[PDB]
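Heads up: the structure comes next, in structure tokens.
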Amino acid sequence: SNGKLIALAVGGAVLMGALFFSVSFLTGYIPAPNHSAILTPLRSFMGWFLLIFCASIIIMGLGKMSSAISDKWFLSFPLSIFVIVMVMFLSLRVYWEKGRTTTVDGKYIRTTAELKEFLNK
Amino acid sequence: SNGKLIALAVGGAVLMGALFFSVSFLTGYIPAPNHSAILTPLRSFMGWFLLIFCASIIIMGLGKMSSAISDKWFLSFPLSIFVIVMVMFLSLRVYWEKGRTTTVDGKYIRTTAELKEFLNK
Amino acid sequence: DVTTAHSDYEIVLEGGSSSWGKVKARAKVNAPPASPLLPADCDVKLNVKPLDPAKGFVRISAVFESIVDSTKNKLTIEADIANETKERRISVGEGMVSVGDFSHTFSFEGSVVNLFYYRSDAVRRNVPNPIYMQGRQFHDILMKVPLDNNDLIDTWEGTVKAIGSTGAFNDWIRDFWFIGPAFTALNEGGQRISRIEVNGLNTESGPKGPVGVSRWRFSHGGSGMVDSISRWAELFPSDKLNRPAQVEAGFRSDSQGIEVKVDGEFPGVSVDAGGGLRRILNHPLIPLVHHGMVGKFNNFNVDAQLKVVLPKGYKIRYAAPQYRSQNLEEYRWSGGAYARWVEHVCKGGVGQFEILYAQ
Amino acid sequence: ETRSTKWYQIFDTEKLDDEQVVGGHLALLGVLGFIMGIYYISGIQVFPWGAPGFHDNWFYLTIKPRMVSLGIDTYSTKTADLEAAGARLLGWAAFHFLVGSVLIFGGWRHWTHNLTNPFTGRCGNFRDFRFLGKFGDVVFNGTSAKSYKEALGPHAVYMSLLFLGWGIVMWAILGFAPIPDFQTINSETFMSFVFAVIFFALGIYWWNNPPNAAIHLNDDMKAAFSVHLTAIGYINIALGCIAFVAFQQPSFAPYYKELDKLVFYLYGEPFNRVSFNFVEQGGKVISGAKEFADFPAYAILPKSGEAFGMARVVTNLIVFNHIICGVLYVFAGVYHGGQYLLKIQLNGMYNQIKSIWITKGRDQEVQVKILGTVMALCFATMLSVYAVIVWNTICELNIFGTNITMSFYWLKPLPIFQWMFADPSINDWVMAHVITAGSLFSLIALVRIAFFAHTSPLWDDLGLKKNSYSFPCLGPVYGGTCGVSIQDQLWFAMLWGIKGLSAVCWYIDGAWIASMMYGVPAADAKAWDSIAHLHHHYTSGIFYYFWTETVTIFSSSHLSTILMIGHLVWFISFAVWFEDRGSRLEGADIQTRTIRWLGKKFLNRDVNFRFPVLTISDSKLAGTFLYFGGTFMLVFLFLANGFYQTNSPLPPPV
Amino acid sequence: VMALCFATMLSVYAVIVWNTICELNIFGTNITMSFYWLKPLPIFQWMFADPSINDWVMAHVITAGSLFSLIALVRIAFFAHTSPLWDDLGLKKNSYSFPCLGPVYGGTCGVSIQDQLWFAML
Amino acid sequence: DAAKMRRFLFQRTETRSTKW
Ligand code: BCL
Ligand code: BCL
Ligand code: BCL
Ligand code: BCL
Ligand code: BCL
Ligand code: BCL
Ligand code: CLA
Ligand SMILES: CCCCCCCCCCCCCCCC(=O)OC[C@@H](CO[C@H]1O[C@@H](CO)[C@H](O)[C@@H](O)[C@@H]1O)OC(=O)CCCCCCCCCCCCCCC
Ligand SMILES: CCCCCCCCCCCCCCCC(=O)OC[C@@H](CO[C@H]1O[C@@H](CO)[C@H](O)[C@@H](O)[C@@H]1O)OC(=O)CCCCCCCCCCCCCCC
Ligand code: SF4
Ligand SMILES: [Ca+2]
């Protein structure tokens, strides 16, 4: 697990990136409006690569921590887990969505009567 | 498999039918139009009794012939299956449905255009 | 309901005065064997080589390699049989008998005498093909088995003790010699086994170890059915042995059935029939009468083909049952009458099937 | 020696001879003719006497475009031209009844070895015969084939004779002269004679010189029967592939495309309903309310062929049938073939076979390399294509801040291959790679049967042999060894095959395969048709397929009964496929004792039943049958609910 | 427990199946022949709002669904070490998480109490 | 290499052992 073992993974991923990047020119597809021909395969390749990388890391990580959990993890593991949901809830209200939604003017809707009436206007 | 063994099954079926009929006179359910109070329960029990009875005979019948089939059934089994299929197609046109679809006047409709015209008018 | 037999036969004959014929037989049967131990398999080999023409002596060999209920059994024989006279025939030979981890060798000096109760000219004259001839055979036996094993010694000691204490040894030995159903075979082929006669039971020293020696003599009579008696001259074509002759056969048996393979050339397959006409040798009666004993236990359907190949210029003058097809030099038998005659003779029938082929 | 007295092994090749085989094949083609004569009677739209005919059935729809092609059946809307058609179908149904009765008679006597004809009073020989008298004497030098290899020439001749006969039948009875132009049915007579010439010439070359290839196949009936089944399955797959391209060609329009224009009344389809208080009288309906009022009470209602898309529904029912079977027969050819490789490894004839079809894979060294290439290519392909489908699903659902622009819409088959698809799109790139991955996946279970029937690189390591073909496992030893026999590897080929067997069903029903979710009312599901300029609107996505296709299934009272029955059968396979066989054995014991105890106390006489439980190998058998039968009892509903792909794409909702 | 589970899983399933057959007009049967008249007795009517056959079936389904998974629970309580069958077959259940004893006796998979726990959850 | 290979399957067995 050193030198060429990681180089093959990185080099293998890179050469694969060119294949799709080169395949897109071969396909000669009509691109989506306001989107560069070079950009469409690069975006598609990064997402696919990220998905495979994520699956591999999750499996290896669970295997590494599954047999390494002892009496010493009695406090650290439960604290770290609240540290995933905690940073996730903050991220949900900071990155994923900013605020409870409001109208373009900035008004709120929390009643069926308001929803029954706001939609009419 | 004689005397009381088969006596018991008949007694149980009669008891279940009587209970289904008896419970109704006190269930307090409004009967369907042009239907007898005594008939509704009797018809429902017969349908329920037939489903278990048909399932039970099929289970023991398949079992009886699974351990009693050999080289001698090489001709009889394929002929019996064909005979059942044949007496079945005849039932489609002699009991289930008499003739192809026809109108009150006795006319036929075999074309999409003829149908489309029928749908509109 | 029924079973089915499938079999193939073949006889190739030469022209001139040659009695040489090649016989091949393949069979496959789906019913269980009558043997009370299965599986039982067996391979047999016979080879006869002429030693000298003037003497008439020949060297015969026999090897038996049979596995019975996982028990390896082997019997080996090497002998020198020659014609002394019309009724006497002396044989000198050696052999070995091995069962599992047990084995013992033997050497024998023996002569067989064969006499016909009558020899009349009218029979000979009035009969063109005689099947039954009434007769008797006498065997002179000088067995030489070395007592190498602990068990051999005990079998010998016991034998001598039994003779000494039991007056009925000559009679009750026939209950041992024919083991299980072989005794019932005796009455079946109309064959009578006479009481054995012990000339001497003396232990004589040999260079290897003590050698129990038996000098016995017996007789047996055939009502006519027995082929050894009725056909004494025909079963030894020594003088017709211009070249070595070999018969090789084998069979496999178990709960499922029997598989049999047989092949080999030998003289005497063709014999003169009179009026310039040749004919296939009359079927041996003892094998048929002996197979009806085990062949009557399962209803079977017969699938047998008998391909007969004749010499150039040689066609058949008459056959019953008639050949289904002819194809140039070769003639074929299958189906119809022939597959009735096969069911006849596989169940013990001895009905005649005659082929006459003239140049 | 494992038991073989099971009811489903009664007709095994071990228990039959060459003569019995011929009898068995004949005893079925006669039955097949009887079956074919019932698919003809049912197709009578109006009887010869003028009484109304039989309602549409799926068994006659898959053959109606053929009988129309041959002139026995017509598409005419007039009863006068539809009254003659009925008489013809009666003629061929009665004719197939007569010829079938002859083949059964010539199969019963063949099976009983009783080849005797009363008129000639002579019994024929199976070992050698002239073959149709003088005709065979001139061609086979007056002799018959003595082996499977020598049977190729005579067998090829028979094929030439059958082809010549079909050509004569089309010309004389059906009136189709052999004109050699490939847009008319008349070209099926011209090539019926060209093929009869090729086969006859090929049948003579193989009789004079019998083929030496696969010499060991002559020795065992199952060895040759399995190679034939590995070959017949591939042929059947090719027939399914060819019938899809051809049945919707312009030249086949008069027979397949013409179905759209007709009104079909299938049995079990929606019928004119009635009110609860309905009292029908002979002359008229009294004090009752009946729907439609255009047909009689309880009469099957019409169905527009064009809306249904019957031309493609019938094309699919036939194309899928010859593919569901073609892959089943390839699986069985390897199974029944490895079933023969176990015997030659047990009685040890394997190391002495010189055939390169057995000698090539002799060494374990190559076996791991061959299986390691099927296994590595299946991994690099079932992942490359699954991650594309998953990524496309993520991009259009707008999951993880992604959009349909970042999806694989720009990926499609290369220009060299574009001719293979009417409309090229990512739905076509994915389907080719899914079938490639779906074949290499189930090929792993097949290479295992071919190479590891008796001993594996692991069992040779663990010091074990696989004595049987139907042994469930070797106990819980070494952490567990279940599903190691070739019969179980056959099950894992049938089970793994259900994916490519479903990528076909989905792809021929006009569904989307490049995304789990296509056409749902979500963020970018309906933005596919315009992001990739699709000229067709696919019915739905992999998951949304179940919702849309089933709107028509729930409307039918018979298509929905199949849905129920098919699901009921399938989950029951869990009972015999889960590792609960030990639990079932105990449970039953309680049931036997319980029933014995109940009978004892309740009745003076004591009656016991000793309830039985299936074995694992007998469980995995009923398990795969319940799993496979259940899984394709319902695939029929996807194909027979209608073809709902359209040639108009959807604009983005925005 | 097994007898009660059987007489109740077959009595209520055949009602649901019969109602399904009557509603789809299979075998020429109208919804009139179905169990639309069967509903909880008057004594129990207080347990339900708008009592109907949907309520009679649900009570019997839960009764059947409890007695079904109770079989796997009575077996954990009574056959943790030995069962009438394994005392007959001369075997000991040494363990709570042992998968099977192997192919022997037509096989004996899923016999431990951990597996009987799985068949209660399933 | 059989032994080394078996030490592994033995490292993942159906017998009593400590699990996470
Ligand atoms: C089976 C009917 C008769 C029989 C028939 C004959 C015949 C016939 C003659 C002998 C003669 C002899 N018999 Mg006597 N013999 C029988 C019983 C016995 C018994 C006994 C165990 O009871 C003994 C110890 C003997 C002993 C002897 C020998 C002294 C002598 C030579 C045998 C030999 O070499 O065989 C060799 C060892 C073998 C295993 C051969 C077996 C051959 C089988 C029986 C037939 C094979 C031939 C086949 C059909 C055709 C083959 C053609 C090929 C060219 C070979 N017989 C019974 C009662 N016996 C011979 C003689 O005259 O000596 C002077 C001789 O010609
Ligand atoms: C289903 C998945 C597999 C399959 C798996 C099995 C299994 C499992 C078994 C056989 C067995 C047999 N198979 Mg196979 N077999 C398949 C396809 C075929 C086809 C074909 C239609 O192409 C044929 C001609 C055969 C031929 C045969 C015989 C050599 C043999 C005994 C048949 C019998 O008695 O059936 C039963 C007889 C009947 C009258 C019942 C109805 C059978 C109908 C006619 C279909 C025949 C084929 C079918 C698979 C037979 C088995 C049914 C069992 C329920 C599995 N198989 C496919 C590829 N086959 C047995 C054997 O001895 O193998 C060495 C065996 O144990
Ligand atoms: C044989 C058993 C049954 C039978 C069962 C069937 C079946 C099954 C079918 C028909 C169908 C037909 N039958 Mg019918 N039929 C029988 C007897 C007859 C006889 C007669 C001479 O007695 C006649 C005239 C007919 C007439 C007909 C036509 C009405 C119709 C179309 C035939 C066709 O396309 O042929 C074409 C025939 C040939 C060209 C002969 C050559 C076939 C070759 C040998 C197969 C090769 C295919 C494949 C590639 C194999 C490759 C392996 C090797 C490399 C060759 N039947 C008997 C009673 N009949 C068909 C139908 O109704 O379709 C809707 C149909 O599918
Ligand atoms: C479609 C007919 C079926 C069939 C059904 C029958 C029928 C029916 C009968 C026999 C019977 C016989 N069968 Mg068959 N059998 C078939 C295939 C064969 C083959 C083969 C491997 O090709 C052989 C060698 C045989 C062998 C034999 C004969 C030896 C026997 C003769 C008695 C009789 O009436 O004979 C006349 C026949 C001959 C003397 C043999 C030579 C002529 C050919 C081989 C006979 C079969 C029909 C022929 C092939 C049909 C036309 C083919 C065209 C392409 C349409 N069958 C054909 C394919 N079989 C008979 C029987 O069982 O009686 C109780 C019988 O009546
Ligand atoms: C960018 C390269 C893409 C790809 C894009 C295409 C395109 C574009 C086309 C095909 C087409 C085909 N593809 Mg593809 N294909 C890939 C990988 C595979 C693999 C595989 C498991 O390695 C297989 C068996 C197939 C199979 C097939 C055939 C159905 C067909 C053959 C011609 C061809 O590829 O021409 C073109 C081939 C190339 C330009 C280069 C091929 C490079 C080889 C295959 C190495 C790539 C494999 C890679 C290592 C997998 C990654 C695994 C990782 C280790 C995780 N492809 C990779 C993922 N494929 C054609 C078709 O008909 O589609 C419907 C087509 O037009
Ligand atoms: C006609 C009789 C019907 C039936 C109709 C009713 C009715 C009506 C009511 C219940 C209700 C209940 N039912 Mg119920 N119930 C039956 C059978 C069962 C069985 C069973 C497996 O034997 C069980 C465990 C239950 C369980 C229960 C409880 C949830 C509740 C208890 C009061 C009660 O039954 O009062 C009334 C009980 C009776 C009038 C008689 C009970 C007879 C006993 C219990 C067994 C009947 C015979 C047996 C089923 C024979 C079948 C053998 C099979 C053919 C193998 N029923 C049979 C099939 N059941 C009540 C409820 O709240 O429902 C929502 C309710 O109102
Ligand atoms: C509908 C599905 C179904 C049915 C009816 C059963 C029934 C049964 N199971 Mg099973 N099981 C199933 C699914 C099913 N199981 C599945 C999916 C699994 C995998 C998790 C298992 C796993 C399993 C184990 C591990 C064990 C059983 C056991 C049992 C039996 C003990 C319960 C009893 O005595 O009476 C229960 C009550 C009844 C059976 C009443 C009958 C219910 C209906 C009316 C049956 C008839 C309908 C049927 C589907 C008809 C088929 C039609 C056809 C078209 C398919 C019982 C026969 C135990 C046993 O003793 O084995 C013998 C046992 O140890 N079950
Ligand atoms: C079970 C175990 C493994 C599974 C494999 C077994 C089943 C395989 C059975 C073949 C299945 C085919 C079905 C009928 C043929 C048919 O469809 O042919 C037409 C055409 C499209 O036609 C139109 O279809 C419309 C439907 O939506 C579209 O909308 C339209 O645009 C398009 O033009 O399809 C191809 O070109 C076929 C694609 C697959 C390409 C094959 C690639 C495989 C070749 C390479 C090697 C594979 C084998 C590897 C070794 C095992
Ligand atoms: C692991 C296996 C088991 C799984 C777990 C099962 C435990 C749950 C335990 C059943 C309880 C369900 C809980 C939710 C409460 C709830 O629903 O209570 C209200 C009421 C209806 O309310 C309204 O519901 C509407 C919805 O459609 C209607 O439309 C309306 O008409 C009706 O009024 O339901 C009953 O009365 C409950 C019926 C079941 C009757 C229980 C009968 C069991 C008693 C007898 C013995 C059973 C145990 C046997 C031994 C194992
Ligand atoms: S549960 Fe079945 S497959 Fe698993 S070890 Fe036990 S017998 Fe083998
Ligand atoms: Ca559809």
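By order of appearance in the structure tokens: chains A, B, ..., then residues from 1 within every chain, and ligands from 1 in the order shown.
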
task = Restrict the distance test to only C-alpha atoms, flag each residue of chain F within 10 Å of chain E, and return the flagged residues as a PyMOL selection string.
result = chain F and resi 14-16

Near-stretch 54-65 of chain E list (12 Å; only C-alpha atoms; drop same-chain fewer than 2 positions) as a short mmCIF file (atom, residue, chain, number, x, y, z; two decimals) with C-alpha atoms, in the first residue's frame:
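Result file follows (around-v2.cif):
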data_model
loop_
_atom_site.label_atom_id
_atom_site.label_comp_id
_atom_site.auth_asym_id
_atom_site.auth_seq_id
_atom_site.Cartn_x
_atom_site.Cartn_y
_atom_site.Cartn_z
CA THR B 27 -74.35 -8.88 13.19
CA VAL E 1 -50.17 -22.15 19.39
CA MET E 2 -49.58 -23.74 15.92
CA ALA E 3 -53.18 -25.05 15.68
CA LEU E 4 -54.62 -21.60 16.63
CA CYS E 5 -52.20 -19.87 14.19
CA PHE E 6 -53.39 -22.24 11.39
CA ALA E 7 -57.16 -22.09 12.05
CA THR E 8 -56.93 -18.27 12.09
CA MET E 9 -54.46 -17.58 9.24
CA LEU E 10 -56.62 -19.80 6.96
CA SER E 11 -59.95 -18.40 8.15
CA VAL E 12 -58.98 -14.76 7.56
CA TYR E 13 -56.85 -15.24 4.43
CA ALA E 14 -59.67 -17.12 2.72
CA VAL E 15 -61.99 -14.22 3.57
CA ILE E 16 -59.59 -11.69 2.03
CA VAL E 17 -59.03 -13.90 -1.02
CA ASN E 19 -63.52 -10.81 -1.16
CA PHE E 35 -68.26 -10.97 3.06
CA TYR E 36 -69.51 -7.32 3.07
CA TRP E 37 -72.08 -8.34 5.76
CA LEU E 38 -69.36 -9.58 8.11
CA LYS E 39 -68.25 -6.93 10.61
CA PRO E 40 -67.32 -6.92 14.31
CA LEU E 41 -70.08 -8.04 16.65
CA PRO E 42 -72.16 -5.38 18.41
CA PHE E 44 -67.02 -4.84 20.15
CA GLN E 45 -68.46 -2.07 17.88
CA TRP E 46 -67.24 0.56 20.40
CA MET E 47 -63.62 -0.25 19.50
CA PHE E 48 -63.97 1.11 15.96
CA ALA E 49 -65.23 4.18 14.08
CA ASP E 50 -67.68 3.18 11.26
CA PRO E 51 -67.14 -0.61 11.96
CA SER E 52 -66.88 -2.77 8.81
CA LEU E 67 -49.70 -16.41 16.81
CA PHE E 68 -47.47 -16.79 13.74
CA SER E 69 -44.46 -14.99 15.19
CA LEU E 70 -45.27 -16.48 18.60
CA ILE E 71 -44.31 -19.90 17.21
CA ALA E 72 -40.74 -18.69 16.72
CA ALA E 120 -39.73 -14.01 14.44
CA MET E 121 -38.57 -10.68 13.03
CA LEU E 122 -39.19 -11.86 9.45
#

Shell of 9 Å around stretch 14-20 of chain C, only C-alpha atoms, local chain residues under 5 positions omitted, as a PDB file with C-alpha atoms, in the first residue's frame:
ATOM      1  CA  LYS C 240      -6.927 -77.931 -38.022  1.00  0.00           C
ATOM      2  CA  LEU C 241      -4.788 -75.607 -35.808  1.00  0.00           C
ATOM      3  CA  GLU C 265     -11.004 -66.930 -34.139  1.00  0.00           C
ATOM      4  CA  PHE C 266     -10.807 -70.715 -33.988  1.00  0.00           C
ATOM      5  CA  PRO C 267     -11.384 -73.678 -36.322  1.00  0.00           C
ATOM      6  CA  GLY C 268     -14.448 -75.896 -36.348  1.00  0.00           C
ATOM      7  CA  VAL C 269     -16.910 -73.010 -36.928  1.00  0.00           C
ATOM      8  CA  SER C 270     -17.739 -74.626 -40.331  1.00  0.00           C
ATOM      9  CA  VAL C 271     -18.280 -78.423 -40.807  1.00  0.00           C
ATOM     10  CA  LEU C 310     -19.186 -65.799 -46.349  1.00  0.00           C
ATOM     11  CA  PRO C 311     -16.126 -66.487 -48.624  1.00  0.00           C
ATOM     12  CA  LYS C 312     -15.885 -65.149 -52.217  1.00  0.00           C
ATOM     13  CA  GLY C 313     -18.077 -67.293 -54.545  1.00  0.00           C
ATOM     14  CA  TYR C 314     -19.965 -68.794 -51.563  1.00  0.00           C
ATOM     15  CA  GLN C 359     -19.559 -72.770 -53.534  1.00  0.00           C
TER      16      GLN C 359
END

Which chains and residue numbers are within 7 Å of ligand 10, counting only C-alpha atoms and all ligand atoms, if I want them as an NGL selection string?
(:D and (472-476 or 480-483 or 579-581 or 616)) or (:E and (99-103 or 107-110))

Would you output that residue set with N, CA, C and O atoms, as a JSON list (two decimals), in the first residue's frame?
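Once everything was written out, this is again.json:
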[["chain", "number", "residue", "atom", "x", "y", "z"],
["D", 472, "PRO", "N", -26.25, -30.12, -1.46],
["D", 472, "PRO", "CA", -26.42, -28.74, -1.01],
["D", 472, "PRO", "C", -25.16, -28.08, -0.44],
["D", 472, "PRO", "O", -24.89, -26.96, -0.80],
["D", 473, "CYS", "N", -24.42, -28.79, 0.41],
["D", 473, "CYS", "CA", -23.23, -28.20, 1.07],
["D", 473, "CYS", "C", -22.46, -29.30, 1.80],
["D", 473, "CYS", "O", -22.91, -30.46, 1.79],
["D", 474, "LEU", "N", -21.34, -28.92, 2.42],
["D", 474, "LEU", "CA", -20.53, -29.86, 3.23],
["D", 474, "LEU", "C", -20.66, -29.49, 4.71],
["D", 474, "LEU", "O", -19.62, -29.45, 5.38],
["D", 475, "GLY", "N", -21.87, -29.14, 5.18],
["D", 475, "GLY", "CA", -21.99, -28.76, 6.60],
["D", 475, "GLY", "C", -21.54, -27.33, 6.86],
["D", 475, "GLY", "O", -21.33, -26.59, 5.88],
["D", 476, "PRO", "N", -21.35, -26.92, 8.13],
["D", 476, "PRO", "CA", -20.92, -25.57, 8.49],
["D", 476, "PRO", "C", -19.39, -25.46, 8.60],
["D", 476, "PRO", "O", -18.90, -24.44, 9.04],
["D", 480, "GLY", "N", -18.57, -22.53, 6.38],
["D", 480, "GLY", "CA", -19.72, -22.80, 5.53],
["D", 480, "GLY", "C", -19.41, -23.02, 4.07],
["D", 480, "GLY", "O", -18.56, -22.34, 3.49],
["D", 481, "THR", "N", -20.11, -23.98, 3.46],
["D", 481, "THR", "CA", -19.78, -24.43, 2.11],
["D", 481, "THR", "C", -21.04, -24.64, 1.26],
["D", 481, "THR", "O", -21.07, -25.53, 0.40],
["D", 482, "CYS", "N", -22.07, -23.82, 1.47],
["D", 482, "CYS", "CA", -23.35, -24.04, 0.82],
["D", 482, "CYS", "C", -23.34, -23.54, -0.62],
["D", 482, "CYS", "O", -22.62, -22.60, -0.98],
["D", 483, "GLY", "N", -24.16, -24.17, -1.45],
["D", 483, "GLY", "CA", -24.30, -23.75, -2.84],
["D", 483, "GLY", "C", -23.08, -23.98, -3.70],
["D", 483, "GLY", "O", -22.75, -23.14, -4.54],
["D", 579, "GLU", "N", -32.02, -20.12, 4.84],
["D", 579, "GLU", "CA", -31.36, -21.23, 5.59],
["D", 579, "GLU", "C", -32.17, -21.54, 6.86],
["D", 579, "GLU", "O", -31.66, -21.28, 7.96],
["D", 580, "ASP", "N", -33.37, -22.07, 6.64],
["D", 580, "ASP", "CA", -34.39, -22.42, 7.66],
["D", 580, "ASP", "C", -34.85, -23.86, 7.44],
["D", 580, "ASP", "O", -35.95, -24.20, 7.90],
["D", 581, "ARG", "N", -34.04, -24.67, 6.75],
["D", 581, "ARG", "CA", -34.42, -26.08, 6.46],
["D", 581, "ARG", "C", -34.43, -26.89, 7.76],
["D", 581, "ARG", "O", -35.35, -27.71, 7.93],
["D", 616, "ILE", "N", -32.72, -29.50, 1.23],
["D", 616, "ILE", "CA", -32.13, -28.28, 0.68],
["D", 616, "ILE", "C", -31.99, -28.35, -0.83],
["D", 616, "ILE", "O", -32.43, -27.44, -1.55],
["E", 99, "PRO", "N", -25.13, -22.06, 12.70],
["E", 99, "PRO", "CA", -26.00, -21.95, 11.52],
["E", 99, "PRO", "C", -26.84, -23.16, 11.15],
["E", 99, "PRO", "O", -28.07, -23.08, 11.16],
["E", 100, "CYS", "N", -26.15, -24.29, 11.07],
["E", 100, "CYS", "CA", -26.73, -25.62, 10.75],
["E", 100, "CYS", "C", -25.76, -26.70, 11.23],
["E", 100, "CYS", "O", -24.65, -26.35, 11.70],
["E", 101, "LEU", "N", -26.19, -27.96, 11.19],
["E", 101, "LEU", "CA", -25.26, -29.06, 11.55],
["E", 101, "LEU", "C", -24.65, -29.63, 10.26],
["E", 101, "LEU", "O", -23.83, -30.56, 10.36],
["E", 102, "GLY", "N", -25.02, -29.07, 9.11],
["E", 102, "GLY", "CA", -24.53, -29.54, 7.80],
["E", 102, "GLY", "C", -25.64, -30.19, 6.99],
["E", 102, "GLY", "O", -26.80, -30.14, 7.43],
["E", 103, "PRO", "N", -25.32, -30.84, 5.85],
["E", 103, "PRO", "CA", -26.32, -31.46, 4.97],
["E", 103, "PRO", "C", -27.12, -32.60, 5.61],
["E", 103, "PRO", "O", -28.25, -32.81, 5.21],
["E", 107, "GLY", "N", -30.59, -32.13, 6.03],
["E", 107, "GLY", "CA", -30.12, -30.80, 6.45],
["E", 107, "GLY", "C", -30.85, -30.32, 7.69],
["E", 107, "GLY", "O", -31.98, -30.74, 8.05],
["E", 108, "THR", "N", -30.22, -29.42, 8.46],
["E", 108, "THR", "CA", -30.82, -28.87, 9.70],
["E", 108, "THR", "C", -30.42, -27.40, 9.86],
["E", 108, "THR", "O", -29.86, -27.06, 10.92],
["E", 109, "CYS", "N", -30.69, -26.58, 8.84],
["E", 109, "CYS", "CA", -30.34, -25.16, 8.90],
["E", 109, "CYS", "C", -31.39, -24.35, 9.66],
["E", 109, "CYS", "O", -32.57, -24.69, 9.69],
["E", 110, "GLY", "N", -30.93, -23.26, 10.26],
["E", 110, "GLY", "CA", -31.83, -22.36, 10.97],
["E", 110, "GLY", "C", -32.45, -22.94, 12.22],
["E", 110, "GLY", "O", -33.63, -22.69, 12.50]]

| Selection as a ChimeraX atom specification: residues within 6 Å of ligand 2 by only C-alpha atoms and all ligand atoms | /D:8-13,328-329,331-333,336,339

* Pick out the chain D residues within 10 Å of chain E. Count only C-alpha atoms. Give them as a PyMOL selection string. => chain D and resi 268+276+298+471-477+479-482+556-558+560-561+578-591+593-595+598+613-618

Please return as a PyMOL selection string the residues found within 6 Å of ligand 11, counting only C-alpha atoms and all ligand atoms. chain D and resi 509+549+638-639+641-644

Exercise. Apply DSSP to the backbone of this structure and, from stretch 368-476 of chain D, keep only the residues in helix (DSSP H, G or I); write these as a ChimeraX atom specification.
Key: /D:368-397,418-420,426-451,459-462

### Task
Up to 9 Å from chain D, what residues of chain B turn up? Count only C-alpha atoms and give them as an NGL selection string.
:B and (1 or 4-5 or 32-34 or 66-71 or 74-75 or 78-79 or 82 or 86 or 89 or 92-93 or 97-104 or 108-116)

Students should find that atom 22 (O, counted along the ligand's line) of ligand 8 and atom CA of residue A:31 are spaced 24.0 Å

| said: At a cut-off of 8 Å around ligand 1, and using only C-alpha atoms and all ligand atoms, what residues come up? Please write them as a VMD selection string. | reply: chain C and resid 46 to 48 60 to 63 76 to 83 88 to 93 108 to 113 137 139 to 141 177 193 219 to 220 226 to 229 232 235 to 236 245 to 247 264 to 267

Query - Within 7 Å of ligand 5, counting only C-alpha atoms and all ligand atoms, residues as a ChimeraX atom specification - result: /A:19-20,23 /D:377-385,412-417,428-430,432-433,436

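Residues from chain B that have an atom within 6 Å of chain E, counting only C-alpha atoms, are residues 27, 29, 43 and 44 of chain B.
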
- Residues within 8 Å of ligand 4, counting only C-alpha atoms and all ligand atoms, as a VMD selection string: chain D and resid 22 to 23 26 102 to 110 113 to 120 122 to 133 144 154 to 155 158 to 159 161 to 162 165
